[PDB]
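Here's the structure, in structure tokens; my notes come after.
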Amino acid sequence: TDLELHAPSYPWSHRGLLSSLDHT
Amino acid sequence: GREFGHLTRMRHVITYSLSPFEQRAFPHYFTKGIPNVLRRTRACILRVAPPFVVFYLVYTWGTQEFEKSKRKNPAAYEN
Amino acid sequence: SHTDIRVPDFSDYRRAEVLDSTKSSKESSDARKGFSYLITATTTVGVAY
Amino acid sequence: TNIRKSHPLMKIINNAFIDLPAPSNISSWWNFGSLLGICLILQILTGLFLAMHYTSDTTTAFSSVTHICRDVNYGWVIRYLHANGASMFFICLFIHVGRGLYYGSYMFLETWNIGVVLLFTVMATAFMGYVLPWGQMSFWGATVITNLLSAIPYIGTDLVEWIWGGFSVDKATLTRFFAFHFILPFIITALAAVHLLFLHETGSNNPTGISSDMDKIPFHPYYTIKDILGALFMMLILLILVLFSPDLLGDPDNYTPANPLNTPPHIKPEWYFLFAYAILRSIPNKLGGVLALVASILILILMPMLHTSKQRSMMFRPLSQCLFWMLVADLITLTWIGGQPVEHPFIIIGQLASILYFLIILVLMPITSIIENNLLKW
Amino acid sequence: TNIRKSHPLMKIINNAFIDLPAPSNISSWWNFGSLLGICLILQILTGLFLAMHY
Amino acid sequence: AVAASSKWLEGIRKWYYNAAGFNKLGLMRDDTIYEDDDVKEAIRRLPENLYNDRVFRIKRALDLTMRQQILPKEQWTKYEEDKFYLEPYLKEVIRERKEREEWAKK
Amino acid sequence: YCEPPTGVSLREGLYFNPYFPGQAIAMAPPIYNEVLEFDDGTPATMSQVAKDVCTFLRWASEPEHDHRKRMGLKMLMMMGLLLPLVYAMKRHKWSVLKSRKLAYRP
Amino acid sequence: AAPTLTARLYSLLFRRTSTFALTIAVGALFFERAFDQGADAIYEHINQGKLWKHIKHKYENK
Ligand code: HEM
Ligand code: HEM
């Protein structure tokens, strides 16, 4: 019967549809 | 036993037709597609929407009311 | 009820190269069949690959 | 002479697909049923390359899928096609059914009744084998469904332990649920082969509701191409969903390996049952509650003989078209209720849908089809 | 009327083994085809439990 | 029941005939009846100058819907010249079934 | 992480965290500035090390990310030009039947 | 009335039914030749300096 803290969003470098992973 | 020989009986009628190779298959698609939709959407926009319209109200009412009594309980949690 | 009959006009559906009723179609016969078969000829290749 | 009409094998396929009189106005909606066939061959095929590898070991089961979705060539593709290609076989069903309650399609008593049976068999295979990825959602839904059938006054005690092989999930259960998946599937295919035998000998329908034996065109070159075109359009959406955003239709709680030491907090099945689970818990009285759960797939055989109109289909019935769109909105609010914790209005509101799914097609639809019979003098 | 004849499904088993012409002097060497039919059918029900626990 | 207010009711009878759209496709009312086995015998009793008309109306008013237009507004079947050409051939097939039935019963 | 509010009791081994359902967890803070040394020549700030950790962890949880978004791209280009073909072959066939006139002569 | 490409194409290789079936074969040879590059170049240009082949030049052949 309490609250919770939903995390925000960040422009992650791999968040796109046609993006990749920084391999460093 | 119901192939193309024996079915209903009809009489005194006639039909005409061309081939496909003597015609083009795009007779004013752009300038006749839109008016058909314009005339038909009006007729049944009124027959699918209003039944569906009374769910948005109840869903938003319940969502916002429950959000109140979950995020703002300490309002009536009087000391 | 017999002699009478005219096929109504199919003028607005024709190809522009056979829409004139003056000249024949034996000259206007290869372009049509070389056009309408390339869709399939593309299609077979597409299915293949 | 004509080999197409004298060979013992080709008479059967000429009379069945290539050369059968077909109407000519058919809506695309007559399209979808074939799609289901495409799904049927793909669920079977993709599903044997998992029983090849999987191990019915109660403390070996969960790590099995975990090594397949890592270890072998292209297994990450096949796992996800099998998990997603039935989120859509269940998409098809609700359209192929709802249409037959638009274009008067139940007057086919023989065709209609060999249907509902298939509905029941397909709906049960998915539950019967979504509990053997062997995770907490899988065990803790199995326990809950199991404890209901045990509330029969004299039935319950004995039947429940025969499926466990003991008292609770062990090596004796996972083995016979994995027994179940193999066989419901093959049996189902034969009921689909018989659905169509009925279909020959009445021919198809048309979206006006008037017999048209006058103008029937073949089912070669026309229905063959329209079908192929739409079919190679189902493979755009299926593959875009799977290979762009797979994790969208699932839950992140078949990842912690199964334990009796934890218990999930907000248990709820996937979307496409929460409808025949929202009636269940909507009401007290467990023995009764199980009965109201099956009142639904058998509500349907009771609806060829409540028909009370003079015409077929809703196309010419503009006042009944209102009541058919308060049925689907009912089934949408009733699925929004279920997958969500219990609060103040949820109980009061889910209740109305339960009361109404029945008041619409039990009282209303046979009594509002006369008010309009009286208006065109039949 | 006659149910077997007119039903669309019974009509198929009636022409296959209830009512077809057969010769008078068929021996017992013509019994092996049906034995094979029986023989093939055991091997699938057995072979089921030999992979289920397998 | 009422007579003076029935002139109101006649009005709604014009409304429904405009709502359902079997006049828009060029049909009459009796063209849109569902043919169970009591209506499969009162069709085989028609004279052959009324049987053929019903065939031509249906075959034209069924190829409009695979083309998805409708017909010009001057061509709509007007409300009052509609014809009930099949009520009399049908309120006799029904009246003779009921009879074979009181026979068997009682 | 934040210090605990006023008037709230807590366990001796428990440390205050606002991101937890219980609002407290046994995680003794293991991450802060200059606990490590990045061999590549990077000024190691808490934010950067946490970011690198998260980018590592997701990849460990699902490595097929990079091999997925490439077939998901060589599917659209190939399909997106074959499918506009099938349509044309369709039109040919259905173009026999949309050109007929249908007259009646009793 | 100058003929288009279609008339000469149909005179060349389409009205044989023993030629037609072949050139369908042909496109895949051409497609196979011209498609790997067309997709790989665009994908690699979309995201550069970010995959191992763009970083291996630090450690490759000493
Ligand atoms: C109507 C046909 C079928 C349906 C609807 C169906 C449904 C399902 C579903 C939903 C799962 C869950 C998988 C997951 O969540 O990861 C599953 C798993 C499984 N099914 Fe099927 N199934 C069908 C046919 C079959 C058949 C025919 C077989 C074998 C002959 C089979 C064998 C398996 C196995 C071994 C698993 C576990 C493998 C895994 O979880 O990765 N299924 N099934
Ligand atoms: C695995 C399950 C099913 C399969 C594969 C299946 C398949 C089919 C097919 C192929 C057709 C004929 C093609 C068409 O009409 O487009 C059809 C028609 C039909 N089916 Fe099913 N079906 C299934 C389940 C059901 C269910 C659950 C019902 C529920 C009543 C049902 C009722 C009907 C009806 C009434 C028709 C008649 C269509 C018409 O109006 O002509 N079927 N089905």
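Identifiers for the structure tokens are assigned positionally: chains receive A, B, ... in sequence, residues are indexed from 1 per chain, and ligands are indexed from 1 in the order shown.
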
Taking only C-alpha atoms into account, find every residue of chain A that has an atom no more than 10 Å from chain B, and write it out as number ranges by chain. A: 1-4

Wanna dump the chain G-chain A contacts at 12 Å for me, each residue with its shortest atom pair and the distance in Å to one decimal, counting only C-alpha atoms, ordered by chain and number, as a Markdown table?
```
| residue | atom | partner | partner_atom | distance |
| --- | --- | --- | --- | --- |
| G:17 | CA | A:5 | CA | 10.7 |
| G:18 | CA | A:5 | CA | 7.2 |
| G:19 | CA | A:5 | CA | 5.9 |
| G:20 | CA | A:4 | CA | 7.6 |
| G:21 | CA | A:4 | CA | 6.4 |
| G:22 | CA | A:4 | CA | 9.1 |
| G:23 | CA | A:4 | CA | 8.5 |
| G:40 | CA | A:24 | CA | 10.1 |
| G:51 | CA | A:12 | CA | 9.9 |
| G:52 | CA | A:24 | CA | 8.8 |
| G:53 | CA | A:24 | CA | 11.6 |
| G:54 | CA | A:12 | CA | 10.7 |
| G:55 | CA | A:22 | CA | 8.3 |
| G:56 | CA | A:23 | CA | 9.3 |
| G:58 | CA | A:21 | CA | 10.5 |
| G:59 | CA | A:21 | CA | 8.7 |
| G:63 | CA | A:21 | CA | 10.3 |
| G:64 | CA | A:21 | CA | 11.2 |
| G:65 | CA | A:20 | CA | 8.0 |
| G:66 | CA | A:20 | CA | 6.3 |
| G:67 | CA | A:20 | CA | 9.8 |
| G:68 | CA | A:18 | CA | 10.1 |
| G:69 | CA | A:18 | CA | 6.4 |
| G:70 | CA | A:18 | CA | 8.3 |
| G:71 | CA | A:18 | CA | 11.1 |
| G:72 | CA | A:18 | CA | 9.0 |
| G:73 | CA | A:18 | CA | 8.2 |
| G:74 | CA | A:18 | CA | 11.8 |
```

Restricting it to N, CA and C atoms, dump the selection as a tab-separated table (two decimals), in the first residue's frame.
```tsv
chain	number	residue	atom	x	y	z
G	17	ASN	N	17.77	3.37	0.34
G	17	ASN	CA	17.75	3.48	-1.11
G	17	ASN	C	16.33	3.75	-1.58
G	18	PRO	N	16.09	4.81	-2.36
G	18	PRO	CA	14.72	5.13	-2.79
G	18	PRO	C	14.25	4.39	-4.03
G	19	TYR	N	15.08	3.57	-4.67
G	19	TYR	CA	14.68	2.87	-5.88
G	19	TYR	C	14.17	1.45	-5.61
G	20	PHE	N	14.07	1.05	-4.34
G	20	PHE	CA	13.70	-0.30	-3.98
G	20	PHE	C	12.24	-0.40	-3.55
G	21	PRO	N	11.54	-1.49	-3.90
G	21	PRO	CA	10.15	-1.65	-3.42
G	21	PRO	C	10.03	-1.60	-1.91
G	22	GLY	N	10.98	-2.20	-1.19
G	22	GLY	CA	11.02	-2.07	0.24
G	22	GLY	C	11.64	-0.79	0.73
G	23	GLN	N	12.19	0.02	-0.18
G	23	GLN	CA	12.80	1.32	0.13
G	23	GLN	C	14.08	1.18	0.94
G	40	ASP	N	42.86	2.48	-20.15
G	40	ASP	CA	42.88	3.13	-21.46
G	40	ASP	C	43.27	4.60	-21.39
G	51	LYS	N	28.06	3.77	-16.29
G	51	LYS	CA	27.56	3.66	-17.66
G	51	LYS	C	28.21	2.50	-18.40
G	52	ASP	N	29.54	2.38	-18.29
G	52	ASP	CA	30.23	1.27	-18.94
G	52	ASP	C	29.76	-0.08	-18.39
G	53	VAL	N	29.53	-0.15	-17.08
G	53	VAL	CA	29.02	-1.37	-16.47
G	53	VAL	C	27.67	-1.75	-17.05
G	54	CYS	N	26.76	-0.78	-17.16
G	54	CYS	CA	25.42	-1.09	-17.67
G	54	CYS	C	25.47	-1.54	-19.12
G	55	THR	N	26.29	-0.87	-19.94
G	55	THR	CA	26.42	-1.27	-21.33
G	55	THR	C	27.00	-2.67	-21.46
G	56	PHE	N	27.92	-3.05	-20.56
G	56	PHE	CA	28.40	-4.43	-20.53
G	56	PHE	C	27.28	-5.40	-20.15
G	58	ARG	N	23.90	-5.36	-20.19
G	58	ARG	CA	22.82	-5.70	-21.11
G	58	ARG	C	23.33	-6.63	-22.20
G	59	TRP	N	24.53	-6.35	-22.73
G	59	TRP	CA	25.09	-7.20	-23.77
G	59	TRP	C	25.23	-8.62	-23.28
G	63	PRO	N	23.12	-11.20	-26.30
G	63	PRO	CA	24.17	-10.84	-27.27
G	63	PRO	C	23.73	-10.78	-28.73
G	64	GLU	N	22.52	-11.23	-29.07
G	64	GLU	CA	22.06	-11.28	-30.46
G	64	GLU	C	21.57	-9.93	-30.98
G	65	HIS	N	21.78	-8.84	-30.23
G	65	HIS	CA	21.36	-7.51	-30.65
G	65	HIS	C	21.96	-7.13	-32.00
G	66	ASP	N	23.27	-7.30	-32.15
G	66	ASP	CA	23.97	-6.76	-33.31
G	66	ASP	C	23.75	-7.59	-34.57
G	67	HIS	N	23.54	-8.90	-34.43
G	67	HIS	CA	23.27	-9.78	-35.55
G	67	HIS	C	21.80	-9.80	-35.93
G	68	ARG	N	20.94	-9.09	-35.19
G	68	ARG	CA	19.50	-9.04	-35.42
G	68	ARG	C	19.11	-7.89	-36.33
G	69	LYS	N	19.53	-6.68	-35.98
G	69	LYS	CA	19.21	-5.45	-36.69
G	69	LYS	C	19.85	-5.36	-38.07
G	70	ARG	N	20.56	-6.39	-38.53
G	70	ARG	CA	21.08	-6.41	-39.89
G	70	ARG	C	20.24	-7.27	-40.82
G	71	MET	N	19.83	-8.46	-40.38
G	71	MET	CA	18.84	-9.19	-41.16
G	71	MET	C	17.49	-8.49	-41.12
G	72	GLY	N	17.16	-7.83	-40.01
G	72	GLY	CA	15.99	-6.98	-40.00
G	72	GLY	C	16.04	-5.82	-40.96
G	73	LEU	N	17.19	-5.57	-41.59
G	73	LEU	CA	17.33	-4.56	-42.62
G	73	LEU	C	17.45	-5.13	-44.03
G	74	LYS	N	18.14	-6.26	-44.20
G	74	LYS	CA	18.11	-6.95	-45.49
G	74	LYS	C	16.84	-7.76	-45.70
```

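The interface of chain H with chain A at 9 Å, considering only C-alpha atoms, consists of residues 43, 46, 47, 49, 50, 51, 52 and 55 of chain H.
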
Just the selected residues (C-alpha atoms), exported as a tab-separated table (two decimals), in the first residue's frame, please.
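Dumped everything to again.tsv:
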```tsv
chain	number	residue	atom	x	y	z
H	43	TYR	CA	24.59	-0.16	-42.87
H	46	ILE	CA	25.07	4.62	-40.76
H	47	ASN	CA	27.20	3.85	-37.67
H	49	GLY	CA	33.81	4.20	-35.56
H	50	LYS	CA	31.67	1.98	-33.36
H	51	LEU	CA	32.23	-1.69	-34.29
H	52	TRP	CA	35.33	-3.81	-33.76
H	55	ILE	CA	38.68	-0.36	-33.54
```

Hey, what's within 12 Å of residue 6 (chain B) if we count only C-alpha atoms and toss same-chain stuff fewer than 3 positions away? As a PyMOL selection string, please? (chain B and resi 1-3+9-10) or (chain D and resi 21+213-214+216)

Keeping N, CA, C and O atoms for every residue in the selection just given, could you write it to a file as a PDB file, in the first residue's frame?
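Output contents, as saved in again-v1.pdb:
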```
ATOM      1  N   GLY B   1     -22.038 -33.223 -57.129  1.00  0.00           N
ATOM      2  CA  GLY B   1     -22.953 -33.309 -58.249  1.00  0.00           C
ATOM      3  C   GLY B   1     -23.606 -31.984 -58.557  1.00  0.00           C
ATOM      4  O   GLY B   1     -24.716 -31.940 -59.076  1.00  0.00           O
ATOM      5  N   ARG B   2     -22.900 -30.899 -58.237  1.00  0.00           N
ATOM      6  CA  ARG B   2     -23.378 -29.538 -58.461  1.00  0.00           C
ATOM      7  C   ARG B   2     -22.284 -28.710 -59.154  1.00  0.00           C
ATOM      8  O   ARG B   2     -21.891 -27.637 -58.705  1.00  0.00           O
ATOM      9  N   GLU B   3     -21.783 -29.229 -60.274  1.00  0.00           N
ATOM     10  CA  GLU B   3     -20.788 -28.537 -61.090  1.00  0.00           C
ATOM     11  C   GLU B   3     -21.412 -27.498 -62.023  1.00  0.00           C
ATOM     12  O   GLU B   3     -22.548 -27.074 -61.809  1.00  0.00           O
ATOM     13  N   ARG B   9     -31.964 -21.453 -63.580  1.00  0.00           N
ATOM     14  CA  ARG B   9     -32.390 -21.226 -64.954  1.00  0.00           C
ATOM     15  C   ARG B   9     -32.707 -19.746 -65.150  1.00  0.00           C
ATOM     16  O   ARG B   9     -33.395 -19.138 -64.325  1.00  0.00           O
ATOM     17  N   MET B  10     -32.180 -19.165 -66.229  1.00  0.00           N
ATOM     18  CA  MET B  10     -32.315 -17.744 -66.515  1.00  0.00           C
ATOM     19  C   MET B  10     -32.446 -17.565 -68.020  1.00  0.00           C
ATOM     20  O   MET B  10     -32.002 -18.418 -68.789  1.00  0.00           O
TER      21      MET B  10
ATOM     22  N   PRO D  21     -17.398 -24.026 -58.263  1.00  0.00           N
ATOM     23  CA  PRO D  21     -18.124 -22.769 -58.422  1.00  0.00           C
ATOM     24  C   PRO D  21     -18.006 -21.898 -57.189  1.00  0.00           C
ATOM     25  O   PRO D  21     -18.296 -22.331 -56.077  1.00  0.00           O
ATOM     26  N   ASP D 213     -26.692 -18.758 -57.305  1.00  0.00           N
ATOM     27  CA  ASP D 213     -26.286 -19.827 -58.198  1.00  0.00           C
ATOM     28  C   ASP D 213     -26.235 -19.351 -59.636  1.00  0.00           C
ATOM     29  O   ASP D 213     -25.920 -20.137 -60.530  1.00  0.00           O
ATOM     30  N   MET D 214     -26.736 -18.140 -59.867  1.00  0.00           N
ATOM     31  CA  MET D 214     -26.787 -17.549 -61.201  1.00  0.00           C
ATOM     32  C   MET D 214     -25.422 -17.217 -61.798  1.00  0.00           C
ATOM     33  O   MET D 214     -25.173 -17.452 -62.980  1.00  0.00           O
ATOM     34  N   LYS D 216     -21.682 -17.859 -60.759  1.00  0.00           N
ATOM     35  CA  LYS D 216     -20.546 -18.381 -60.015  1.00  0.00           C
ATOM     36  C   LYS D 216     -19.338 -18.514 -60.932  1.00  0.00           C
ATOM     37  O   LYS D 216     -19.403 -19.167 -61.974  1.00  0.00           O
TER      38      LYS D 216
END
```

Counting only C-alpha atoms, the residue among B:51, B:45, B:61, B:78 that lies closest to chain D is B:51

Within-6 Å residues of ligand 1, basis only C-alpha atoms and all ligand atoms, as a compact mmCIF listing (two decimals) with N, CA and C atoms, in the first residue's frame:
```
# COMPACT_ATOMS: atom_id res chain seq x y z
N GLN D 43 3.50 -23.82 -36.81
CA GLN D 43 3.59 -24.22 -35.40
C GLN D 43 4.04 -25.67 -35.25
N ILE D 44 3.51 -26.57 -36.07
CA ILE D 44 3.98 -27.95 -36.00
C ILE D 44 5.45 -28.03 -36.35
N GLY D 47 8.00 -26.48 -34.04
CA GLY D 47 7.91 -27.03 -32.70
C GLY D 47 8.57 -28.37 -32.47
N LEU D 48 9.02 -29.04 -33.51
CA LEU D 48 9.76 -30.27 -33.32
C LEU D 48 11.25 -30.03 -33.10
N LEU D 50 12.44 -28.17 -30.99
CA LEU D 50 12.58 -27.88 -29.57
C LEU D 50 12.46 -29.13 -28.72
N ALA D 51 11.51 -30.02 -29.04
CA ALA D 51 11.43 -31.32 -28.38
C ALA D 51 12.60 -32.22 -28.75
N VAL D 65 16.21 -24.46 -22.14
CA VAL D 65 15.85 -23.38 -23.05
C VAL D 65 16.93 -22.32 -22.99
N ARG D 79 13.32 -20.13 -31.40
CA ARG D 79 12.61 -19.96 -30.14
C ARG D 79 11.57 -18.86 -30.26
N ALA D 83 7.43 -18.77 -30.00
CA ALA D 83 6.73 -18.02 -28.97
C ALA D 83 5.82 -16.93 -29.54
N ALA D 86 2.19 -17.98 -32.23
CA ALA D 86 0.92 -18.35 -31.64
C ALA D 86 0.27 -17.20 -30.92
N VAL D 122 -7.72 -26.21 -29.22
CA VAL D 122 -6.62 -25.27 -29.43
C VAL D 122 -6.41 -24.42 -28.19
N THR D 125 -4.39 -26.58 -25.55
CA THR D 125 -3.00 -26.96 -25.77
C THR D 125 -2.02 -25.88 -25.31
N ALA D 126 -2.35 -24.61 -25.54
CA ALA D 126 -1.42 -23.54 -25.19
C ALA D 126 -1.21 -23.42 -23.69
N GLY D 129 0.87 -26.37 -22.39
CA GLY D 129 2.30 -26.35 -22.61
C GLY D 129 2.97 -25.00 -22.58
N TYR D 130 2.36 -24.04 -21.91
CA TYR D 130 3.08 -22.85 -21.47
C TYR D 130 3.56 -22.97 -20.03
N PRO D 133 7.98 -24.23 -20.03
CA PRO D 133 9.32 -23.64 -19.90
C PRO D 133 9.89 -23.81 -18.51
N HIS D 181 1.45 -32.15 -25.01
CA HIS D 181 1.71 -31.24 -26.12
C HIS D 181 1.80 -31.97 -27.45
N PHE D 182 2.43 -33.14 -27.43
CA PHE D 182 2.64 -33.92 -28.64
C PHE D 182 1.35 -34.39 -29.31
N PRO D 185 -1.98 -31.40 -30.38
CA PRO D 185 -1.64 -31.22 -31.81
C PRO D 185 -1.93 -32.24 -32.87
```

Pick out the residues sitting within 9 Å of region 24-30 of chain F, and hand them over as an MDAnalysis selection string; count only C-alpha atoms, and ignore anything fewer than 3 positions along from it in its own chain. (chainID D and resid 376 378) or (chainID F and resid 18 20:21 33 57:58 60:62 64:65 70:73 75:77 82:87)

Expected selection as JSON, numbers by chain for ligand 2 within 9 Å, only C-alpha atoms and all ligand atoms: {"D": [29, 30, 31, 32, 33, 34, 35, 36, 37, 39, 40, 89, 93, 94, 96, 97, 98, 99, 100, 101, 103, 104, 105, 106, 107, 108, 109, 111, 112, 113, 114, 115, 116, 117, 118, 119, 120, 121, 122, 188, 189, 191, 192, 193, 195, 196, 199, 203, 204, 205, 206, 300, 301]}

Selection to disk with N, CA and C atoms, as a compact mmCIF listing (two decimals), in the first residue's frame:
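What landed in part.txt:
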```txt
# COMPACT_ATOMS: atom_id res chain seq x y z
N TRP D 29 -12.64 -10.49 -45.88
CA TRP D 29 -12.89 -11.27 -44.67
C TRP D 29 -13.00 -12.77 -44.93
N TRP D 30 -13.42 -13.18 -46.11
CA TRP D 30 -13.39 -14.58 -46.48
C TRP D 30 -11.98 -15.10 -46.67
N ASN D 31 -11.03 -14.17 -46.58
CA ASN D 31 -9.54 -14.36 -46.64
C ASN D 31 -8.77 -15.07 -45.52
N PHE D 32 -9.11 -14.70 -44.29
CA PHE D 32 -8.36 -15.03 -43.08
C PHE D 32 -8.23 -16.52 -42.77
N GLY D 33 -9.28 -17.29 -43.06
CA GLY D 33 -9.33 -18.68 -42.66
C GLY D 33 -8.17 -19.46 -43.25
N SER D 34 -7.81 -19.15 -44.49
CA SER D 34 -6.67 -19.78 -45.13
C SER D 34 -5.38 -19.47 -44.37
N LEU D 35 -5.25 -18.23 -43.91
CA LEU D 35 -4.07 -17.82 -43.15
C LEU D 35 -3.82 -18.76 -41.98
N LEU D 36 -4.91 -19.20 -41.36
CA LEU D 36 -4.83 -20.08 -40.20
C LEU D 36 -4.13 -21.37 -40.61
N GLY D 37 -4.40 -21.83 -41.82
CA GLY D 37 -3.77 -23.02 -42.34
C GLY D 37 -2.26 -22.83 -42.41
N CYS D 39 -0.50 -20.89 -40.54
CA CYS D 39 -0.04 -20.93 -39.15
C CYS D 39 0.07 -22.36 -38.64
N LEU D 40 -0.89 -23.20 -39.02
CA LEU D 40 -0.94 -24.58 -38.54
C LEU D 40 0.28 -25.39 -38.95
N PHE D 89 -1.79 -16.82 -34.29
CA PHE D 89 -2.78 -17.87 -34.50
C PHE D 89 -4.01 -17.65 -33.62
N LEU D 93 -8.26 -16.25 -34.86
CA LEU D 93 -9.46 -16.89 -34.37
C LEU D 93 -10.58 -15.90 -34.09
N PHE D 94 -10.25 -14.74 -33.54
CA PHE D 94 -11.30 -13.83 -33.12
C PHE D 94 -11.96 -13.12 -34.29
N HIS D 96 -12.17 -14.74 -37.73
CA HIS D 96 -12.85 -15.86 -38.35
C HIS D 96 -14.12 -16.26 -37.60
N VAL D 97 -14.22 -15.94 -36.31
CA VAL D 97 -15.41 -16.23 -35.52
C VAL D 97 -16.41 -15.09 -35.56
N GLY D 98 -15.94 -13.87 -35.29
CA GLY D 98 -16.84 -12.73 -35.23
C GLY D 98 -17.55 -12.45 -36.53
N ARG D 99 -16.91 -12.77 -37.66
CA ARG D 99 -17.56 -12.59 -38.95
C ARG D 99 -18.79 -13.49 -39.08
N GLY D 100 -18.69 -14.75 -38.67
CA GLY D 100 -19.84 -15.64 -38.73
C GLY D 100 -21.01 -15.21 -37.88
N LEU D 101 -20.83 -14.24 -37.00
CA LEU D 101 -21.92 -13.54 -36.33
C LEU D 101 -22.23 -12.20 -36.96
N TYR D 103 -22.29 -12.24 -41.04
CA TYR D 103 -22.89 -12.74 -42.27
C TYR D 103 -23.62 -14.07 -42.05
N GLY D 104 -24.53 -14.12 -41.08
CA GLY D 104 -25.42 -15.24 -40.85
C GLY D 104 -24.88 -16.64 -41.10
N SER D 105 -23.66 -16.91 -40.66
CA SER D 105 -22.92 -18.09 -41.09
C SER D 105 -23.13 -19.31 -40.22
N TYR D 106 -24.04 -19.26 -39.24
CA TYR D 106 -24.28 -20.39 -38.35
C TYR D 106 -25.37 -21.32 -38.84
N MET D 107 -26.25 -20.87 -39.72
CA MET D 107 -27.30 -21.70 -40.33
C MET D 107 -26.69 -22.93 -40.98
N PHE D 108 -25.37 -22.98 -41.05
CA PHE D 108 -24.65 -24.20 -41.36
C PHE D 108 -24.46 -24.96 -40.05
N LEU D 109 -25.47 -25.72 -39.66
CA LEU D 109 -25.41 -26.40 -38.37
C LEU D 109 -24.25 -27.40 -38.30
N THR D 111 -21.35 -27.47 -40.11
CA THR D 111 -20.07 -26.76 -40.14
C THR D 111 -19.75 -26.07 -38.81
N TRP D 112 -20.79 -25.48 -38.24
CA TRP D 112 -20.69 -24.69 -37.03
C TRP D 112 -20.38 -25.47 -35.79
N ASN D 113 -21.06 -26.56 -35.54
CA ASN D 113 -20.78 -27.50 -34.45
C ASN D 113 -19.47 -28.29 -34.48
N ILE D 114 -18.90 -28.64 -35.63
CA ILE D 114 -17.53 -29.20 -35.63
C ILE D 114 -16.56 -28.08 -35.47
N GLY D 115 -16.95 -26.83 -35.48
CA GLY D 115 -16.10 -25.75 -34.96
C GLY D 115 -15.71 -25.61 -33.46
N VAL D 116 -16.66 -25.44 -32.60
CA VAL D 116 -16.50 -25.13 -31.18
C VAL D 116 -15.57 -26.13 -30.52
N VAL D 117 -15.64 -27.39 -30.95
CA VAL D 117 -14.74 -28.43 -30.45
C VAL D 117 -13.29 -28.04 -30.71
N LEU D 118 -13.00 -27.59 -31.93
CA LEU D 118 -11.65 -27.16 -32.25
C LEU D 118 -11.24 -25.97 -31.41
N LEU D 119 -12.17 -25.07 -31.14
CA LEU D 119 -11.87 -23.93 -30.29
C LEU D 119 -11.36 -24.40 -28.93
N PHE D 120 -12.08 -25.35 -28.34
CA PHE D 120 -11.71 -25.90 -27.04
C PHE D 120 -10.35 -26.61 -27.03
N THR D 121 -10.06 -27.38 -28.08
CA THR D 121 -8.80 -28.12 -28.14
C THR D 121 -7.60 -27.18 -28.31
N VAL D 122 -7.72 -26.21 -29.22
CA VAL D 122 -6.62 -25.27 -29.43
C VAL D 122 -6.41 -24.42 -28.19
N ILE D 188 -5.85 -32.60 -33.53
CA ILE D 188 -6.53 -31.39 -33.99
C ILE D 188 -6.57 -31.31 -35.51
N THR D 189 -5.49 -31.72 -36.16
CA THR D 189 -5.38 -31.61 -37.61
C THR D 189 -6.47 -32.42 -38.33
N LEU D 191 -9.51 -33.04 -37.15
CA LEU D 191 -10.79 -32.34 -37.05
C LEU D 191 -10.88 -31.19 -38.09
N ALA D 192 -9.73 -30.62 -38.45
CA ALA D 192 -9.75 -29.62 -39.50
C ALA D 192 -9.93 -30.24 -40.84
N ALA D 193 -9.42 -31.44 -41.08
CA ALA D 193 -9.73 -32.10 -42.33
C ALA D 193 -11.11 -32.43 -42.51
N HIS D 195 -13.82 -30.47 -41.17
CA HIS D 195 -14.59 -29.26 -41.20
C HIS D 195 -15.04 -28.96 -42.49
N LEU D 196 -14.25 -29.12 -43.59
CA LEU D 196 -14.38 -28.81 -45.01
C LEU D 196 -15.20 -29.82 -45.83
N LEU D 199 -18.29 -28.47 -45.97
CA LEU D 199 -18.32 -27.27 -46.80
C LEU D 199 -18.67 -27.58 -48.25
N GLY D 203 -21.57 -25.05 -50.75
CA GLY D 203 -20.86 -23.93 -51.34
C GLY D 203 -20.68 -22.79 -50.37
N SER D 204 -19.89 -21.79 -50.75
CA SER D 204 -19.61 -20.69 -49.85
C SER D 204 -20.80 -19.74 -49.81
N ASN D 205 -20.58 -18.55 -49.28
CA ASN D 205 -21.59 -17.55 -48.94
C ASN D 205 -21.31 -16.29 -49.77
N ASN D 206 -22.00 -15.20 -49.46
CA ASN D 206 -21.70 -13.93 -50.11
C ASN D 206 -22.22 -12.81 -49.25
N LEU D 300 -22.16 -20.49 -27.13
CA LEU D 300 -22.21 -20.56 -28.65
C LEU D 300 -23.05 -21.57 -29.44
N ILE D 301 -23.19 -22.83 -29.04
CA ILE D 301 -24.02 -23.83 -29.70
C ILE D 301 -25.45 -23.53 -29.45
```

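For chain D, the residues within 7 Å of chain G are residues 225, 229, 243 and 244 of chain D, with only C-alpha atoms used to measure distance.
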